[PDB]
């Protein structure tokens, strides 16, 4: 469980910031709305790895939702082609993502999905696929995404989306959310004496996924 941990009680993360009055206050508050947390490895890939595991976990046992999601995933090679990616360069990464979607449909267990996301090879192939699809979705809508941002859209995707270990901002979150129709809520826990607060992507949606952002790092929350 070195990439995505077991579930733990929400108050188990007090020990990560002992004798820090603001962190203690905000974690206590968070515990009133959320029961449990899973931790991710902090390797620069945590947003992609967390979003993928948590969203696919949320599908388990939901046959119409899984069918509709698989239909969208089967079309994603066209997004990549339209942005200038070549099929022989993305095939290995697309096949790894399609394989874990089929595991959600056919096996259906938490334990099998956790095993794939803790297998360094399978899990890093999955993250690289998600980074290429984020890039493609931004490139194909450059006039729409100009406004979050490298001056050039193209330079930004080359440097800050496609490479492994590159950190995210609101543009990557919004783009991957839109590319896969995943509704997500991000809770923000910083060191300033401010309200605990959150953002929903997109604004009007009922989220599937809840993440905790603290110390430039994303962990998974359970409501």
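C-alpha atoms forming the largest set that superposes within 1.5 Å between two forms make up the rigid core. Residue numbers count along the first chain shown, from 1.
Rigid core superposition in 8 other deposited structures of this protein puts the Cα atoms of one stretch, out of 101-109 and 140-148, farther from the shown form on average, and that stretch is 140-148. Count the deposited residues lacking coordinates between residue 149 and residue 150 and you get 1 to 3 of them. Legend: mean Cα B-factor per stretch from the PDB entry, 152-160 versus 27-35; the higher mean is in 152-160. Comparing the deposited coordinates for 1-9 and 212-220, the stretch with the larger average C-alpha B-factor is 1-9. The PDB entry gives the largest Cα B-factor of the residues 120, 76, 95, 111 to 111.
Comparing the listed residues 65, 43, 57, 190, the entry records the largest Cα B-factor for 190. When the CA B factors of the chain's modelled residues are split into thirds, the value for residue 142 lands in the highest one. When all modelled residues of the chain are sorted by CA temperature factor, residue 196 is found within the middle third. In the deposited entry, the Cα temperature factor of residue 125 sits in the bottom third of values across the chain's modelled residues. For residue 91, the recorded CA temperature factor ranks within the middle third of the chain's modelled residues. Per-chain ranking of the deposited C-alpha B factor places residue 106 in the highest third.
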